[PDB]
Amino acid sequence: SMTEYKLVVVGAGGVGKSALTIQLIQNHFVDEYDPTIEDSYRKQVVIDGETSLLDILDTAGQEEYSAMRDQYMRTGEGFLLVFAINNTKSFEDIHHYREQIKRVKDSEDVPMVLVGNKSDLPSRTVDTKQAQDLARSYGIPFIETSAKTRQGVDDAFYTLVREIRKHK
């Protein structure tokens, strides 16, 4: 059977984790805010000529439950670190998510992709330069996305799969 990849989407509340996942799975854009408890999805794709089954865990940004993430971080194989380009706080929260994943998995070599979402909005507060520099310091790719226009949606999930393949 095709290889399965356990992908986890993390980041602050409201940054577009669910909008990105639903765009990937269902090819439409949720414009309303339905804050997530926890949702799981599956999709088969072809990446670099190899068919793969994506198991996607869409997590809660709700920050009062930060002490509840260890088990899904242990299980997950790769992580989309999502911030919104118009929310500097969500960009600052990224370091905390990466540190938590590295700590919980007790490893410096965890597949991750930095995702700056909402790239369709004019109210940018996070420079592309700041995001690229951060991802360069983490040694991970950086993808700019819009769940509204679908820009970069496939690229972000497919790049994470490529990171996981390199890790095996």
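Each residue number is its position in the shown sequence, starting from 1.
Higher average CA B factor in the deposited record is what I'm after, so tell me if that's 123-131 or 24-32.
In the deposited entry, the stretch with the higher C-alpha B-factor mean is 123-131.
Averaging CA B factors per stretch from the PDB record, which one is higher: 140-148 or 9-17?
Comparing 140-148 with 9-17, the higher mean C-alpha B-factor belongs to 140-148.
Please place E50 in the lowest, middle or highest third of its chain according to the CA B-factor in the PDB entry.
Within its chain, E50 is a highest-third residue by C-alpha B-factor, going by the deposited values.
Going by the recorded CA B-factors, say which third of the chain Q100 sits in, lowest, middle or highest.
Middle third - that is where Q100 ends up once the chain's C-alpha B-factors are sorted.
When the deposited Cα B-factors of this chain's modelled residues are ordered and cut into thirds, is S66 in the lowest, the middle or the highest one?
Tercile = highest for this residue's CA B-factor.
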